[PDB]
Amino acid sequence: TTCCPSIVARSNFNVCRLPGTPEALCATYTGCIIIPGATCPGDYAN
């Protein structure tokens, strides 16, 4: 599960994966984290 900070940052993160851009790439661009768990803490999830 991938969870990003800032609702704005995660917004473009989602839009990033729309054209077929790899999730991890967009995550690296947003300062986003990809954890093995299926639920992220609210500390770093927007």
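Conventions adopted
- Residues numbered from 1 in each chain as written, not as in the entry; some residues may be left out.
- Heavy atoms only, no water.
- Salt bridge = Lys/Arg side-chain N within 4 Å of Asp/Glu carboxyl O.
- Buried < 20%, exposed > 50% of the residue type's maximum accessible area, 1.4 Å probe, protein only.
- Disulfide = S-S within 2.5 Å.
- Helix = DSSP H or I, 4+ residues; strand = E, 2+ residues; numbered from the N terminus.

Asker: Please clarify how the pattern of salt bridges should be interpreted in this entry.
Answerer: Charged atoms that come close allow side chains of opposite charge to pair. A complete count under the given rule lists one salt bridge for this structure. Across the salt bridge formed by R17 and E23, the nearest N and O atoms sit 2.6 Å from each other. Take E23: its relative accessible area is 30%, and that puts it in the partly exposed class.

Asker: It is not clear to me how the state of the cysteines should be interpreted in this structure. Could you clarify?
Answerer: One covalent bond between the sulfur atoms of two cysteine residues makes up a disulfide. Evaluated as defined, the whole model comprises three disulfides. Through a disulfide, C3 is tied to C40; the S-S separation comes to 2.0 Å. Residues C3 and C40 are joined by a disulfide whose S-S torsion is about 75°; by sign, that bridge is right-handed. You can see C3 sitting in strand β1 (residues 2-3) and its partner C40 sitting in the segment after β2 (33-34), a full 37 residues away along the chain. Given a relative accessible area of 13%, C3 falls into the buried group. Residue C16 pairs covalently with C26 via a disulfide, S to S 2.0 Å. Because the sign of the S-S torsion sets the handedness, a value of about -70° for the bond joining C16 and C26 places this disulfide among the left-handed ones. With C16 in helix α1 (residues 7-17) and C26 in helix α2 (residues 23-30), this pair connects stretches of sequence that are 10 residues apart.

These values are about where atoms sit, not about what they do.
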